[PDB]
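K.L.:
Supplied in structure tokens, the structure appears directly below.
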Amino acid sequence: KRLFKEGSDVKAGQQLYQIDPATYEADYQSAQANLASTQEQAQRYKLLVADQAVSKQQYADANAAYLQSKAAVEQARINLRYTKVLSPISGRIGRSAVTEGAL
Amino acid sequence: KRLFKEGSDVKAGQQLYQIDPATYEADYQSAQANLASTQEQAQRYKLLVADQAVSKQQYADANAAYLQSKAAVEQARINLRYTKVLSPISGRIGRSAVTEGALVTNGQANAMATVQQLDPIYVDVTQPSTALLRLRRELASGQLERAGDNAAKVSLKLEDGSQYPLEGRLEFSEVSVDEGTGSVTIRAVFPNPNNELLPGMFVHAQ
Amino acid sequence: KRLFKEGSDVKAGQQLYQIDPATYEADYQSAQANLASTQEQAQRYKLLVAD
Amino acid sequence: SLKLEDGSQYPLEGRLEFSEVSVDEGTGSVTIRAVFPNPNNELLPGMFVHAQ
């Protein structure tokens, strides 16, 4: 959708466009699922090496994936956020040089 | 299939194309099968740790796969949904630049079809910034037939010279300015219920 | 469910139990989805080698 | 005050800041900016005008 009237007045921070978020929203929820998982996995292993119950290697590999996840999620979050195009400033906005459905 | 007549009228939300859903529909059903499985597996293990019957590790790995599945299904669902191309808006759709049996890719540059709303229809008029101010005044006073909160009533004279049977509003809100020539462009809105008016016509608002 | 009264009379062919079909029913629909897919894929390719 | 290209006299009055904004080192000319209020959008960019 292109939620603004060509020639109208918009406020800085106002959503001007909406990029189909279906998948971004999807990847993000996916990412978070993963993180929630790995995080736990790690936090647990962190107490097992503490008791020799698990090799330093294992806990390493664990905390390794945990970081990877945390990383992925943040990146997912950012892309999702960008699906809502906003107006950098406040002023009069003109014609939309892009058509709905455009790519 | 390409379920629409080139040159016809489509309603927003109307299926315009149908991408072979064979595999997507297949992957989706597949995904759901998997989820249905892992989900149960997890829900069970959740009661086993509750009774030490199973290590926290196992229940973890379980709920882990469960989440992965739930994830996959949702993604499957979305792709399947996209196999049914729909019209973003209501209007007149032209000639499909894609024929049944063709291969289409998500991200492809060229666009399959193009819909257009032609009723009402705009008439882009360009005047010198000064001239627009003038009329804006003539409106504020009364020298002009107030059409709306900020528009004047206007008639249209086609290129051939004929008088367009209907009357439209000429909104004074600027839509674009040519900082170069300093010219302004405003829009008139006329009714076009019989599609007598088409884009590109050179006309004159009176 | 265990749809029968202990001590009752049952007829041969009568459902006596019901195992949660949730997944089986799921795998089956899944399977058919797949087949419907591959089948088409094949039937098409059968005419392409032909040419 | 501002006088439009049609000769009209823009009602509102504005500031003419003297801090230079740019210099055409070629012609040595200097460019400064006036700041007028435009609450009704009567004023649009690209208008050739005179600051009085």
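All residue names refer to the structure tokens as shown: chains lettered A, B, ... in order, residues numbered from 1 in each chain, ligands numbered from 1 in order.
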As an MDAnalysis selection string, please: the residues near range 24-37 of chain D (cut-off 12 Å, only C-alpha atoms, same-chain neighbours under 3 positions excluded).

P.N.:
chainID D and resid 1:3 10:21 40:44 49:52

K.L.:
Dump N, CA and C atoms for the selected residues as a PDB file, in the first residue's frame?

P.N.:
ATOM      1  N   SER D   1       9.823  42.615   2.752  1.00  0.00           N
ATOM      2  CA  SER D   1       8.541  42.291   2.147  1.00  0.00           C
ATOM      3  C   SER D   1       8.832  41.614   0.821  1.00  0.00           C
ATOM      4  N   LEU D   2       7.839  40.937   0.258  1.00  0.00           N
ATOM      5  CA  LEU D   2       8.051  40.231  -1.000  1.00  0.00           C
ATOM      6  C   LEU D   2       7.078  40.657  -2.094  1.00  0.00           C
ATOM      7  N   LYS D   3       7.587  40.786  -3.314  1.00  0.00           N
ATOM      8  CA  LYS D   3       6.756  41.166  -4.449  1.00  0.00           C
ATOM      9  C   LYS D   3       6.817  40.049  -5.485  1.00  0.00           C
ATOM     10  N   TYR D  10       2.997  40.153  -1.579  1.00  0.00           N
ATOM     11  CA  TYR D  10       2.729  39.090  -0.620  1.00  0.00           C
ATOM     12  C   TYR D  10       2.407  39.704   0.755  1.00  0.00           C
ATOM     13  N   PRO D  11       1.235  39.382   1.299  1.00  0.00           N
ATOM     14  CA  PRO D  11       0.819  39.907   2.596  1.00  0.00           C
ATOM     15  C   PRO D  11       1.825  39.797   3.735  1.00  0.00           C
ATOM     16  N   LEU D  12       2.218  38.586   4.106  1.00  0.00           N
ATOM     17  CA  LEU D  12       3.141  38.424   5.217  1.00  0.00           C
ATOM     18  C   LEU D  12       4.517  39.019   4.990  1.00  0.00           C
ATOM     19  N   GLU D  13       5.189  39.306   6.096  1.00  0.00           N
ATOM     20  CA  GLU D  13       6.516  39.901   6.069  1.00  0.00           C
ATOM     21  C   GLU D  13       7.539  38.907   6.608  1.00  0.00           C
ATOM     22  N   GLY D  14       8.781  39.012   6.140  1.00  0.00           N
ATOM     23  CA  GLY D  14       9.789  38.080   6.612  1.00  0.00           C
ATOM     24  C   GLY D  14      11.194  38.600   6.819  1.00  0.00           C
ATOM     25  N   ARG D  15      12.021  37.756   7.444  1.00  0.00           N
ATOM     26  CA  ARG D  15      13.431  38.026   7.751  1.00  0.00           C
ATOM     27  C   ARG D  15      14.365  37.850   6.571  1.00  0.00           C
ATOM     28  N   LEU D  16      15.360  38.720   6.454  1.00  0.00           N
ATOM     29  CA  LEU D  16      16.365  38.570   5.405  1.00  0.00           C
ATOM     30  C   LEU D  16      17.699  38.401   6.089  1.00  0.00           C
ATOM     31  N   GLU D  17      18.036  37.169   6.450  1.00  0.00           N
ATOM     32  CA  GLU D  17      19.300  36.859   7.120  1.00  0.00           C
ATOM     33  C   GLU D  17      20.507  37.267   6.266  1.00  0.00           C
ATOM     34  N   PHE D  18      21.525  37.847   6.899  1.00  0.00           N
ATOM     35  CA  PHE D  18      22.696  38.302   6.154  1.00  0.00           C
ATOM     36  C   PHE D  18      23.894  37.353   6.110  1.00  0.00           C
ATOM     37  N   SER D  19      23.842  36.277   6.892  1.00  0.00           N
ATOM     38  CA  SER D  19      24.916  35.294   6.888  1.00  0.00           C
ATOM     39  C   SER D  19      24.936  34.673   5.494  1.00  0.00           C
ATOM     40  N   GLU D  20      26.077  34.766   4.815  1.00  0.00           N
ATOM     41  CA  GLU D  20      26.215  34.227   3.459  1.00  0.00           C
ATOM     42  C   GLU D  20      26.022  32.725   3.467  1.00  0.00           C
ATOM     43  N   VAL D  21      25.445  32.194   2.393  1.00  0.00           N
ATOM     44  CA  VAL D  21      25.221  30.759   2.307  1.00  0.00           C
ATOM     45  C   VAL D  21      26.124  30.137   1.240  1.00  0.00           C
ATOM     46  N   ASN D  40      -0.362  29.211   3.949  1.00  0.00           N
ATOM     47  CA  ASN D  40      -1.460  28.833   3.080  1.00  0.00           C
ATOM     48  C   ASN D  40      -0.959  28.211   1.794  1.00  0.00           C
ATOM     49  N   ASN D  41       0.350  28.007   1.736  1.00  0.00           N
ATOM     50  CA  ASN D  41       0.992  27.430   0.568  1.00  0.00           C
ATOM     51  C   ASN D  41       0.845  28.301  -0.669  1.00  0.00           C
ATOM     52  N   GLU D  42       0.624  29.591  -0.463  1.00  0.00           N
ATOM     53  CA  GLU D  42       0.500  30.483  -1.594  1.00  0.00           C
ATOM     54  C   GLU D  42       1.847  30.535  -2.291  1.00  0.00           C
ATOM     55  N   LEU D  43       2.911  30.334  -1.527  1.00  0.00           N
ATOM     56  CA  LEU D  43       4.246  30.383  -2.091  1.00  0.00           C
ATOM     57  C   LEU D  43       4.746  29.001  -2.463  1.00  0.00           C
ATOM     58  N   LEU D  44       5.306  28.872  -3.666  1.00  0.00           N
ATOM     59  CA  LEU D  44       5.852  27.592  -4.137  1.00  0.00           C
ATOM     60  C   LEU D  44       7.244  27.822  -4.673  1.00  0.00           C
ATOM     61  N   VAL D  49      11.129  36.161  -7.715  1.00  0.00           N
ATOM     62  CA  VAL D  49      10.573  37.249  -6.924  1.00  0.00           C
ATOM     63  C   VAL D  49      11.594  38.305  -6.533  1.00  0.00           C
ATOM     64  N   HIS D  50      11.111  39.357  -5.878  1.00  0.00           N
ATOM     65  CA  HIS D  50      11.964  40.446  -5.407  1.00  0.00           C
ATOM     66  C   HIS D  50      11.709  40.682  -3.934  1.00  0.00           C
ATOM     67  N   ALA D  51      12.777  40.746  -3.156  1.00  0.00           N
ATOM     68  CA  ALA D  51      12.655  41.018  -1.734  1.00  0.00           C
ATOM     69  C   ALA D  51      12.789  42.525  -1.653  1.00  0.00           C
ATOM     70  N   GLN D  52      11.795  43.186  -1.082  1.00  0.00           N
ATOM     71  CA  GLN D  52      11.837  44.632  -0.982  1.00  0.00           C
ATOM     72  C   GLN D  52      12.379  45.081   0.359  1.00  0.00           C
TER      73      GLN D  52
END

K.L.:
Which residues are near range 34-44 of chain B? Cut-off 8 Å, only C-alpha atoms, ignore same chain within fewer than 2 positions. Put them as an MDAnalysis selection string.

P.N.:
(chainID B and resid 30:32 46:48 59 62:63 65:66 69:70 73) or (chainID C and resid 22:23 26:27)

K.L.:
Could those residues be written to a file, using C-alpha atoms, as an mmCIF file, in the first residue's frame?

P.N.:
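Saved result, selection-v3.cif, follows:
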data_model
loop_
_atom_site.group_PDB
_atom_site.id
_atom_site.type_symbol
_atom_site.label_atom_id
_atom_site.label_comp_id
_atom_site.auth_asym_id
_atom_site.auth_seq_id
_atom_site.Cartn_x
_atom_site.Cartn_y
_atom_site.Cartn_z
ATOM 1 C CA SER B 30 4.555 -32.071 3.894
ATOM 2 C CA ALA B 31 5.513 -29.382 6.399
ATOM 3 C CA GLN B 32 2.255 -29.745 8.320
ATOM 4 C CA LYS B 46 7.102 -31.883 28.278
ATOM 5 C CA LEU B 47 5.352 -34.163 30.755
ATOM 6 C CA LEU B 48 8.263 -36.592 31.009
ATOM 7 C CA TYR B 59 12.969 -32.158 26.118
ATOM 8 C CA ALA B 62 12.373 -31.918 21.256
ATOM 9 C CA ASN B 63 10.810 -28.486 21.723
ATOM 10 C CA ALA B 65 12.499 -29.383 16.470
ATOM 11 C CA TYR B 66 8.903 -28.484 17.266
ATOM 12 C CA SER B 69 8.635 -27.229 12.206
ATOM 13 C CA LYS B 70 6.115 -24.589 13.241
ATOM 14 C CA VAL B 73 4.938 -24.600 8.048
ATOM 15 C CA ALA C 22 -3.741 -36.805 14.271
ATOM 16 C CA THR C 23 -0.363 -37.575 12.687
ATOM 17 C CA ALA C 26 -1.451 -35.767 8.643
ATOM 18 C CA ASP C 27 1.242 -37.912 7.041
#

K.L.:
Would you pick out the contacts of residue 99 in chain A at 12 Å or less, using only C-alpha atoms, so that residues sharing its chain but fewer than 5 positions from it are not included, and give the list as a list in words?

P.N.:
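Residues meeting the cut-off are residues 1, 2, 3, 6, 17, 18 and 19 of chain A; 88, 89, 111, 114, 115 and 116 of chain B.
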
K.L.:
Those residues with C-alpha atoms, as a CSV table (one decimal), in the first residue's frame please?

P.N.:
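Output file result.csv follows:
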chain,number,residue,atom,x,y,z
A,1,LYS,CA,0.0,0.0,0.0
A,2,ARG,CA,0.9,3.6,-0.6
A,3,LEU,CA,-0.8,5.3,2.4
A,6,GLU,CA,-0.1,12.8,-3.5
A,17,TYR,CA,4.5,3.0,2.2
A,18,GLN,CA,4.0,-0.6,3.3
A,19,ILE,CA,6.2,-3.3,1.7
B,88,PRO,CA,-3.8,-5.0,-6.0
B,89,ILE,CA,-6.6,-2.6,-7.2
B,111,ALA,CA,5.9,-7.1,-14.5
B,114,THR,CA,-1.0,-3.6,-15.1
B,115,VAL,CA,-4.4,-2.5,-13.7
B,116,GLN,CA,-5.7,1.0,-14.0

K.L.:
Using only C-alpha atoms, which residues of chain B come within 12 Å of chain D, and what is the closest atom pair for each, with the distance in Å to one decimal? Give it as CSV, sorted by chain and residue number.

P.N.:
residue,atom,partner,partner_atom,distance
B:128,CA,D:47,CA,8.6
B:129,CA,D:47,CA,6.6
B:130,CA,D:6,CA,6.4
B:131,CA,D:6,CA,8.4
B:132,CA,D:42,CA,8.7
B:133,CA,D:42,CA,6.1
B:134,CA,D:6,CA,9.1
B:135,CA,D:42,CA,10.9
B:136,CA,D:42,CA,8.2
B:137,CA,D:42,CA,9.5
B:140,CA,D:40,CA,11.8
B:150,CA,D:40,CA,11.6
B:172,CA,D:41,CA,10.6
B:173,CA,D:41,CA,8.7
B:174,CA,D:44,CA,8.7
B:175,CA,D:44,CA,11.0
B:176,CA,D:44,CA,9.7
B:177,CA,D:45,CA,7.1
B:178,CA,D:46,CA,7.1
B:179,CA,D:46,CA,4.4
B:180,CA,D:46,CA,6.5
B:181,CA,D:46,CA,7.1
B:182,CA,D:46,CA,4.1
B:183,CA,D:46,CA,7.6
B:184,CA,D:44,CA,8.3
B:185,CA,D:44,CA,11.2

K.L.:
Taking N, CA, C and O atoms for each residue, export the selection above as a tab-separated table (two decimals), in the first residue's frame.

P.N.:
chain	number	residue	atom	x	y	z
B	128	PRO	N	1.72	28.61	-14.49
B	128	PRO	CA	2.84	29.28	-13.83
B	128	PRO	C	2.44	29.58	-12.39
B	128	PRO	O	1.34	30.07	-12.13
B	129	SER	N	3.33	29.27	-11.45
B	129	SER	CA	3.07	29.47	-10.03
B	129	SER	C	2.22	30.69	-9.71
B	129	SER	O	1.37	30.64	-8.82
B	130	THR	N	2.44	31.79	-10.43
B	130	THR	CA	1.68	33.02	-10.21
B	130	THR	C	0.21	32.81	-10.56
B	130	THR	O	-0.67	33.08	-9.74
B	131	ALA	N	-0.03	32.34	-11.78
B	131	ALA	CA	-1.38	32.09	-12.27
B	131	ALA	C	-2.20	31.25	-11.30
B	131	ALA	O	-3.39	31.49	-11.12
B	132	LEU	N	-1.56	30.26	-10.69
B	132	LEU	CA	-2.25	29.40	-9.74
B	132	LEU	C	-2.67	30.20	-8.52
B	132	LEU	O	-3.75	29.99	-7.96
B	133	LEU	N	-1.81	31.11	-8.09
B	133	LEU	CA	-2.12	31.93	-6.93
B	133	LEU	C	-3.34	32.77	-7.27
B	133	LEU	O	-4.27	32.88	-6.47
B	134	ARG	N	-3.32	33.37	-8.46
B	134	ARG	CA	-4.42	34.19	-8.94
B	134	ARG	C	-5.75	33.46	-8.74
B	134	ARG	O	-6.63	33.92	-8.01
B	135	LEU	N	-5.87	32.30	-9.38
B	135	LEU	CA	-7.08	31.50	-9.29
B	135	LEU	C	-7.41	31.16	-7.86
B	135	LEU	O	-8.58	31.12	-7.48
B	136	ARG	N	-6.38	30.89	-7.06
B	136	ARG	CA	-6.60	30.55	-5.66
B	136	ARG	C	-7.32	31.70	-4.96
B	136	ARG	O	-8.11	31.49	-4.04
B	137	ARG	N	-7.04	32.92	-5.42
B	137	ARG	CA	-7.66	34.10	-4.86
B	137	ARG	C	-9.09	34.17	-5.38
B	137	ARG	O	-10.05	34.21	-4.60
B	140	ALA	N	-11.20	32.14	-3.30
B	140	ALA	CA	-11.42	32.66	-1.95
B	140	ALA	C	-12.47	33.77	-1.92
B	140	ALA	O	-13.28	33.84	-0.97
B	150	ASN	N	-11.73	23.25	-1.55
B	150	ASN	CA	-10.58	23.89	-2.19
B	150	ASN	C	-10.52	23.73	-3.71
B	150	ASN	O	-9.48	23.98	-4.33
B	172	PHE	N	-7.17	22.67	-6.27
B	172	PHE	CA	-6.07	23.64	-6.36
B	172	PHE	C	-4.79	23.27	-5.61
B	172	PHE	O	-3.77	23.95	-5.75
B	173	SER	N	-4.85	22.21	-4.82
B	173	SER	CA	-3.68	21.76	-4.09
B	173	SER	C	-2.60	21.38	-5.10
B	173	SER	O	-2.85	20.58	-6.01
B	174	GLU	N	-1.41	21.94	-4.95
B	174	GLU	CA	-0.31	21.64	-5.88
B	174	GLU	C	0.11	20.20	-5.70
B	174	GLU	O	0.14	19.68	-4.58
B	175	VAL	N	0.44	19.55	-6.81
B	175	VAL	CA	0.86	18.16	-6.75
B	175	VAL	C	2.32	18.05	-7.13
B	175	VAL	O	3.00	17.10	-6.75
B	176	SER	N	2.82	19.03	-7.88
B	176	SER	CA	4.20	19.02	-8.29
B	176	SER	C	4.62	20.36	-8.87
B	176	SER	O	3.81	21.07	-9.47
B	177	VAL	N	5.88	20.70	-8.68
B	177	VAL	CA	6.41	21.95	-9.20
B	177	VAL	C	7.70	21.67	-9.92
B	177	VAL	O	8.47	20.80	-9.53
B	178	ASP	N	7.93	22.40	-11.00
B	178	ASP	CA	9.15	22.24	-11.77
B	178	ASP	C	10.07	23.37	-11.32
B	178	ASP	O	10.07	24.43	-11.93
B	179	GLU	N	10.83	23.14	-10.24
B	179	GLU	CA	11.74	24.17	-9.74
B	179	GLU	C	12.48	24.87	-10.88
B	179	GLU	O	12.88	26.03	-10.75
B	180	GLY	N	12.66	24.16	-11.99
B	180	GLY	CA	13.34	24.75	-13.14
B	180	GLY	C	12.48	25.84	-13.75
B	180	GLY	O	12.73	27.03	-13.56
B	181	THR	N	11.45	25.43	-14.49
B	181	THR	CA	10.54	26.36	-15.14
B	181	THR	C	9.69	27.10	-14.11
B	181	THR	O	9.05	28.10	-14.41
B	182	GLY	N	9.68	26.58	-12.88
B	182	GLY	CA	8.90	27.20	-11.82
B	182	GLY	C	7.41	26.94	-11.97
B	182	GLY	O	6.61	27.46	-11.19
B	183	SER	N	7.04	26.14	-12.96
B	183	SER	CA	5.64	25.81	-13.23
B	183	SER	C	5.03	24.86	-12.21
B	183	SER	O	5.74	24.05	-11.60
B	184	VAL	N	3.72	24.95	-12.04
B	184	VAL	CA	3.02	24.11	-11.08
B	184	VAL	C	2.08	23.18	-11.82
B	184	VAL	O	1.59	23.51	-12.90
B	185	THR	N	1.82	22.02	-11.23
B	185	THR	CA	0.91	21.06	-11.83
B	185	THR	C	-0.18	20.70	-10.84
B	185	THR	O	0.08	20.24	-9.74

K.L.:
Quick one: everything within 9 Å of residue 29 in chain C, counting only C-alpha atoms, minus sequence neighbours fewer than 5 positions away in the same chain. Send it as a list in words.

P.N.:
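Contacts, with the query itself left out: residues 29, 30 and 33 of chain B; 24 and 34 of chain C.
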
K.L.:
Of the candidates A:92, A:56, A:11, A:77, which one gets nearest to chain D if we count only C-alpha atoms?

P.N.:
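Residue with the minimum atom-to-atom distance to chain D: A:92.
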
K.L.:
Kindly provide, as a PDB file with N, CA, C and O atoms, in the first residue's frame, the residues of chain A having any atom no farther than 12 Å from an atom of chain D, counting only C-alpha atoms.

P.N.:
ATOM      1  N   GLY A   7       0.482  15.051  -2.901  1.00  0.00           N
ATOM      2  CA  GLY A   7       0.232  16.469  -2.693  1.00  0.00           C
ATOM      3  C   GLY A   7      -0.219  16.837  -1.289  1.00  0.00           C
ATOM      4  O   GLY A   7      -0.526  18.001  -1.033  1.00  0.00           O
ATOM      5  N   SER A   8      -0.241  15.874  -0.370  1.00  0.00           N
ATOM      6  CA  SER A   8      -0.689  16.166   0.979  1.00  0.00           C
ATOM      7  C   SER A   8       0.433  16.622   1.893  1.00  0.00           C
ATOM      8  O   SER A   8       1.527  16.937   1.437  1.00  0.00           O
ATOM      9  N   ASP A   9       0.138  16.698   3.187  1.00  0.00           N
ATOM     10  CA  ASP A   9       1.126  17.091   4.175  1.00  0.00           C
ATOM     11  C   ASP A   9       1.378  15.881   5.053  1.00  0.00           C
ATOM     12  O   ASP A   9       0.448  15.287   5.575  1.00  0.00           O
ATOM     13  N   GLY A  91       6.721  17.898   5.799  1.00  0.00           N
ATOM     14  CA  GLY A  91       6.585  18.850   4.713  1.00  0.00           C
ATOM     15  C   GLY A  91       5.508  18.344   3.775  1.00  0.00           C
ATOM     16  O   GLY A  91       4.739  17.422   4.111  1.00  0.00           O
ATOM     17  N   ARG A  92       5.446  18.939   2.595  1.00  0.00           N
ATOM     18  CA  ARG A  92       4.461  18.537   1.615  1.00  0.00           C
ATOM     19  C   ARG A  92       5.092  17.444   0.774  1.00  0.00           C
ATOM     20  O   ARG A  92       6.239  17.560   0.341  1.00  0.00           O
TER      21      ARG A  92
END

K.L.:
Please identify every residue of chain A that has at least one atom no farther than 6 Å from an atom of chain B, counting only C-alpha atoms, and for each give the shortest atom pair and the distance in Å to one decimal, arranged by chain then increasing number, as a tab-separated table.

P.N.:
residue	atom	partner	partner_atom	distance
A:7	CA	B:175	CA	4.4
A:30	CA	B:71	CA	5.4
A:37	CA	B:64	CA	5.9
A:94	CA	B:175	CA	5.3

K.L.:
Would you put the residues from that selection into a file with C-alpha atoms, as a compact mmCIF listing (two decimals), in the first residue's frame?

P.N.:
# COMPACT_ATOMS: atom_id res chain seq x y z
CA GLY A 7 0.23 16.47 -2.69
CA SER A 30 11.46 -17.91 12.85
CA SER A 37 16.10 -22.44 21.63
CA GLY A 94 4.24 15.12 -3.96

K.L.:
Using only C-alpha atoms, which residues sit within 12 Å of residue 14 in chain C once same-chain residues fewer than 5 positions away are excluded, as JSON, numbers by chain?

P.N.:
{"C": [2, 3, 4, 9]}
